[PDB]
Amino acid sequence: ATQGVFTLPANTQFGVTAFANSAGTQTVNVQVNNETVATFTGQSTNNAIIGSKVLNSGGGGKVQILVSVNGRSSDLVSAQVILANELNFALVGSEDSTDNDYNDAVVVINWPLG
């Protein structure tokens, strides 16, 4: 199945934060309604934050996360969880190799903000 794609409510501010846990340098691409709006590039084997930004979901609400290492697309896993029918988390893990820890880049999307 496709992973890393989420439908947010329209015109909503959201946070996106990425962490790295790999020998490989991670590139996280964030798209909103099919346009790249953020890029995080970094490397850590100890969960360093490689980016955190506030974005708007726009008219369409479509948010897509892609992860690559040296140009190779990482395999993604994702889900959305809603707490108290209002607090949302869109969650991504990614795997750049074959150990299947799925933490090589970890991406957390959160809304609402403010």
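Start at 1 and count along the sequence shown; that's the residue number.
Next on the checklist: Quick check on the record: does 66-74 or 24-32 carry the larger mean Cα temperature factor?
Outcome noted: Higher of the two, by average CA B-factor, is 66-74.
Checklist entry - Of the options 106, 10, 16, 90, which has the highest CA B factor as deposited? => result By C-alpha B-factor in the record, 10 ranks first.
Checklist entry - residue 39: which third of its chain by C-alpha temperature factor? => result Highest third of the chain for residue 39's C-alpha B-factor.
Checklist entry - Against its chain's modelled residues, does residue 84's Cα B factor rank lowest, middle or highest third? => result As the PDB entry reports it, the C-alpha B-factor of residue 84 lands in the middle third of its chain.
Checklist entry - In terms of the CA temperature factor given in the entry, to which third of its chain does residue 5 belong: lowest, middle or highest? => result Bottom third by C-alpha B-factor.
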